[PDB]
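Just dropping this structure here.
Reckoned from all heavy atoms, side chains included, excluding hydrogens, waters and symmetry mates. For this chain, numbers begin at 1 and follow the sequence in order.
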Amino acid sequence: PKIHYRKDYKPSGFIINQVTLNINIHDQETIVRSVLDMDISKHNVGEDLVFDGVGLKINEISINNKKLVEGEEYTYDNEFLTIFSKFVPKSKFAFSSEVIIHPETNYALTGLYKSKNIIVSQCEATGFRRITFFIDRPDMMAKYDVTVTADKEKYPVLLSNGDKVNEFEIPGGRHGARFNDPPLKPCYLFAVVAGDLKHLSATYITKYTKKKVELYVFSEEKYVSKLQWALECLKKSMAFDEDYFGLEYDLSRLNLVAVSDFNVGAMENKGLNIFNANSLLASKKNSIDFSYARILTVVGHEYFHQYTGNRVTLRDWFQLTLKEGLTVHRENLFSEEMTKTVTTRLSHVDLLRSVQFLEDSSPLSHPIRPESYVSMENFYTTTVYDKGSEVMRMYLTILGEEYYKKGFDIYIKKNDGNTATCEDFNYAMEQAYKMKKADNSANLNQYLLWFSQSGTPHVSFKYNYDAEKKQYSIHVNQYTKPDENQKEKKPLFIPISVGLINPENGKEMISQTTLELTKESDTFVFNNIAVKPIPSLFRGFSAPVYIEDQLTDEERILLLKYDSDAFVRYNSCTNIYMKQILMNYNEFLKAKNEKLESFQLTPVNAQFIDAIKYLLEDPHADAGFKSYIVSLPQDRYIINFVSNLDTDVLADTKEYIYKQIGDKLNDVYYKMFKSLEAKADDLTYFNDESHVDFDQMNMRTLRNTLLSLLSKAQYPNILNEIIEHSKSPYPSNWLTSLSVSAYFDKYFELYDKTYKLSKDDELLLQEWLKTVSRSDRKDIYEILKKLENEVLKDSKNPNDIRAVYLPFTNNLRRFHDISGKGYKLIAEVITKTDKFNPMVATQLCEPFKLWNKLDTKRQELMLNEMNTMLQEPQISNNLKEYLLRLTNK
Ligand SMILES: O=C(CC1CCCC1)N[C@@H](C(=O)NO)c1ccc(-c2cc(F)c(F)c(F)c2)cc1
Ligand SMILES: [Mg+2]
Ligand SMILES: [Mg+2]
Ligand SMILES: [Mg+2]
Ligand SMILES: [Zn+2]
């Protein structure tokens, strides 16, 4: 297994200047002819010419139109085509090849493949080599001239990058289209699509150049009525890049294409963005509310890549976070501006501190720019994406908007049209830093440790107030635990956005302030502080760290009620919950270990419950924020704070705390569930796909959260509400009715009702599958078997497999059944999936990421299943390398 090392980067001895492709799609095979106009680079030392080429069937290869012969002049081992250096020209030459590939049976969904009746490519990271021979790395930038031919009846729509410059008929019912893309691009941005596609289209006029851009959104005919929101989102994305960053689209046309079979969310191929249908298609009758923010996010993300990834690209794959972290950050700015809801930022923090913090304390922990890799298909991690985004966001926090925009424009102007590295971005940010500090000696050299140092920093606080001096001090300490990547961790540049709240009136005591912590510890002193404040720390979650606020629950309640910052209010609530959870967990654990016949549990803080009621009853307070405060922290957030976590004890702990709060607040919950109905379920715009109301969707989130709490509590006659909820036109509601009916004898009645509502829309049926999978049912294992036999069967669609199994893996009580039956089940699915889709098989390993954080019995059970998977003779490269790293082999 070849290990690639970041320090080993060297430019190629060759240059590829022009790619001319002929892709001829036939019924049982696809023939790919390619001419590469090539040259010898200044770094050449007379080496063999080695092309990447994976799974290609060679018909012929030639240099300068002279056919090469296997064995004497070249070897091919199904991975590398080697042309011996004595046959490689010493000046400009043409390399040509004709190969046969087979998209119909390409179930791994990389390279050229068939998704239902659509032929589609996926080339990032190293998938272009599955289509034709290439030096398949992003610094080999070239011009592309691409012709595609196909049966006209089956494939009337043909698309590739660039301008369509010819269309022509071919004998035998075939036709072709030629696409010329003159701007240089790396091969991972190549794409081709062929199918019987239907579309919506619009014309966008850019802000400054006033160029007309044609926008096309494509799907199969059955779902063309689900394209409208995506088109709206694309217009919004273009306007935001113009308005915030001053950046306009440079091409005449942008196509977005939905396909049913896709390994991830979407892909930014230049002018031809290709999407998982679940991240492009929606309608109000056939989609849950989550689809609307998802499509906005993913359309936005792929659009923002046109600058941060496409026009400025990567020198090498170790720079992945330079385009992904930065594009996630750009999408976050966009979505926060579009939704105007605090829950957009809170949702990203919620994901980071559960999923990404877990990764960063697991054996898989890596920095956002790793030092090595074996599988690029395993490289696309929440660390690279989401911690990367927080690292890109910290530059904006440090510089402020005006200087951040100045630094970003420096980055774009200096690197437009070229490859770049993480240092290039830090350099541009540093220039803005010098401007802001009015100090040409200022630098961001320490900031580079965010790219190289793995692990989550811990930031802790102590305070001092001198009432006579009116002097307040915040003493701050930072610590990152040593791990496999650094034995000694260095202090980072941590920006701490802070406010000081007057506890008597709730008002701000200082102006906007960002503490710059650059040492292992520092003391920040504030004068003329007239009363002892409550500090509001890491406003907006200003650095990706474990925050240890050292506040009392009384102080946290005051912030929860009266602070100005949504994150600090949410975090103060989180911290109150965590203190309770750890305390009750240990009490339950003691009772279990000591086999106690009786014991006591510490009750939930009554002033905390009073504060929740106060916020819930405030009509001016935000419904999305309300849904967060009545929900306990994510299990994957909690696990970062408990060694040898017994999942049964945690489930008992959560149950006690929810029952404590519900015993006091259930009448409030029910009153709110009823009073929110009119605005939450308003149908005024149900048949307008352009009208999306994120506040209204948050009201539905709150109602569906409250209904779940009330159903679990067996609130009197709540089943009446559940049944009426099942009749709502909104899938978010009627799928919720299925979920919350798990606690009643009507579950299988609603199972059948909602199945019939879902079965005729591919994506809605996947949402139904997720709802069943996550149902809190004692018979969930029997239910999963029913889904397997009746709905899923032997589908190779990743959306189907992920929908059936991943939600169930979050069932704390049942997935972690002490028999190990849940670990056995998912391991069987992983091994089965690995036969045809190694990338998705590795995604299905997600529940095992926390294996060494569980109690010792469950550690043993998970490890046994992982070792069983590792012993499969046919295990893929992806899955083997992932499980070897995860099990510390
Ligand atoms: O969809 C997402 C996550 C979403 C983005 C917005 C909301 C979260 N991310 C994709 C992305 O960054 N798009 O810009 C992304 C695209 C291709 C690959 C990828 C595919 C393969 F088939 C490979 F083999 C491979 F090595 C790599 C992995 C990820
Ligand atoms: Mg092949
Ligand atoms: Mg405008
Ligand atoms: Mg299907
Ligand atoms: Zn991306």
Side-chain angles (χ1 to χ4, degrees), residues 141 143-144 159-164 179-186 189 191 200-209 211 213-217 230-257 266-275 280 295-314 322-324 326-338 392 395-396 401-413 415-420 424-425 428-429 432:
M141 304 231 277
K143 304 202 277 194
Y144 283 72
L159 293 164
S160 189
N161 320 90
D163 298 295
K164 185 163 60 169
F179 287 83
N180 195 205
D181 197 10
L184 293 176
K185 72 171 170 288
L189 290 175
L200 304 180
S201 68
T203 300
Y204 191 92
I205 301 177
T206 61
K207 184 171 185 174
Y208 299 108
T209 64
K211 170 202 262 295
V213 186
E214 292 156 340
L215 308 182
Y216 280 80
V217 294
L231 185 53
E232 297 301 312
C233 288
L234 183 55
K235 295 175 190 168
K236 289 172 200 286
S237 307
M238 299 178 74
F240 183 79
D241 229 3
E242 290 176 333
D243 295 344
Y244 192 99
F245 292 103
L247 301 176
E248 302 162 284
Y249 193 66
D250 49 323
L251 308 177
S252 309
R253 179 159 158 168
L254 177 51
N255 306 284
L256 315 189
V257 179
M267 175 65 211
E268 72 269 20
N269 321 284
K270 271 168 101 162
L272 181 49
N273 295 353
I274 293 165
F275 293 75
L280 196 68
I295 291 162
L296 179 66
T297 282
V298 177
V299 169
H301 181 105
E302 307 314 333
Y303 179 74
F304 297 135
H305 267 313
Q306 178 66 1
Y307 275 92
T308 50
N310 295 358
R311 288 176 63 149
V312 183
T313 192
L314 307 184
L322 173 64
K323 76 179 178 77
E324 296 303 342
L326 182 52
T327 297
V328 176
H329 164 62
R330 279 151 58 63
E331 178 273 324
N332 286 3
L333 295 177
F334 167 63
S335 286
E336 288 173 43
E337 176 67 28
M338 294 300 103
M392 292 295 180
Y395 286 119
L396 169 60
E401 186 172 293
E402 177 192 336
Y403 284 104
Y404 178 72
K405 281 176 185 183
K406 286 182 175 178
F408 187 92
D409 205 58
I410 291 174
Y411 171 69
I412 297 297
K413 298 300 192 277
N415 300 284
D416 192 11
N418 296 98
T419 63
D424 290 317
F425 194 82
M429 294 295 110

Among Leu256, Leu234, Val298, which one satisfies side-chain contact (heavy atoms from CB on, under 4.5 Å) with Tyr303? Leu234
Return yes when atom NZ of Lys143 has more than 12 non-hydrogen atoms of other residues, nucleotides or ligands closer than 6.0 Å, and no otherwise. no
Under 3.5 Å side-chain donor-acceptor pair for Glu248 and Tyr204: no
Just by modelled atom types, is the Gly162 backbone N or O under 3.5 Å from a matching donor or acceptor in the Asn180 side chain? no
Closest contact, heavy atoms only, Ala191 versus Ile274: CB-CD1, 4.0 Å
Quick one, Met338 with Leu296, criterion side-chain contact (heavy atoms from CB on, under 4.5 Å). Give me CA distance, side-chain angles, the key distance, then yes/no. CA-CA 9 Å; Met338 294 300 103; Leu296 179 66; 3.8 Å; yes
Would you call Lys405-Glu401 a salt bridge at under 4.0 Å N-O? yes
Checking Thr313 against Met141 for the side-chain contact (heavy atoms from CB on, under 4.5 Å) test, could you report, in this order, the C-alpha distance in whole Å, the side-chain angles of both residues, the deciding distance, and whether it holds? CA-CA 10 Å; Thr313 192; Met141 304 231 277; 3.8 Å; yes
Validation row, ring centre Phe425 to ring centre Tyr395 under 6.0 Å: yes
Quick check: does any side chain N or O of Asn161 sit under 3.5 Å from a backbone N or O of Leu189, one acting as donor and the other as acceptor? yes
As an exercise, state the distance from CG of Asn269 to OG of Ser160, rounded to the nearest 0.5 Å. 9.0 Å
Please examine the side chains of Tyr216 and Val257, heavy atoms only from C-beta on, and report whether any two atoms are closer than 4.5 Å. no
May I ask you to decide if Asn273's main-chain N or O and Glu302's side chain share a donor-acceptor pair within less than 3.5 Å? no
So how far is it from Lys164 NZ to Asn255 CG, rounded to the nearest 0.5 Å? 9.0 Å
For residues 327-334, which side-chain N or O atoms pair as donor and acceptor with protein atoms under 3.5 Å away, sequence neighbours left out?
residue, atom, partner, partner atom, Å
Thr327, OG1, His305, ND1, 3.1
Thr327, OG1, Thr308, O, 3.0
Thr327, OG1, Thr308, OG1, 2.9
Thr327, OG1, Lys323, O, 2.6
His329, NE2, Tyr404, OH, 3.1
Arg330, NE, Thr308, OG1, 3.0
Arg330, NH1, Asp241, OD1, 2.8
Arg330, NH2, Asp241, OD1, 3.4
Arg330, NH2, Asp241, OD2, 2.9
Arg330, NH2, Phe304, O, 2.9
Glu331, OE2, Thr297, OG1, 2.7
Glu331, OE2, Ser335, OG, 2.6

Test item: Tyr411 and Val312 side chains (from C-beta on) under 4.5 Å apart, heavy atoms: yes
Using side-chain contact (heavy atoms from CB on, under 4.5 Å), reason through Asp163 and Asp181 one step at a time and then give a plain yes or no. CA-CA 6 Å; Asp163 298 295; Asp181 197 10; over 6 Å; no
Kindly compute the distance separating CG (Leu247) from CZ (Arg311), expressed to the nearest 0.5 Å. 7.5 Å
Expected output: side-chain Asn415 to main-chain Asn418 donor-acceptor under 3.5 Å: no
Taking all non-hydrogen atoms of both residues into account, name the closest pair between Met429 and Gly407 and its distance. CE-C, 3.3 Å
Any side-chain donor-acceptor pair under 3.5 Å between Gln306 and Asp250? yes
Parallel, tilted or perpendicular: which describes the rings of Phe408 and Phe245, with under 30° parallel and over 60° perpendicular? tilted
Return the CZ to CG distance between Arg253 and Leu215, rounded to the nearest 0.5 Å. 10.0 Å
Can you tell if the side chain of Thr419 reaches within under 4.5 Å of the side chain of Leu314, non-hydrogen atoms only? no
side-chain contact (heavy atoms from CB on, under 4.5 Å) between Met238 and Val213, intermediate numbers included: CA-CA 10 Å; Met238 299 178 74; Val213 186; 4.2 Å; yes
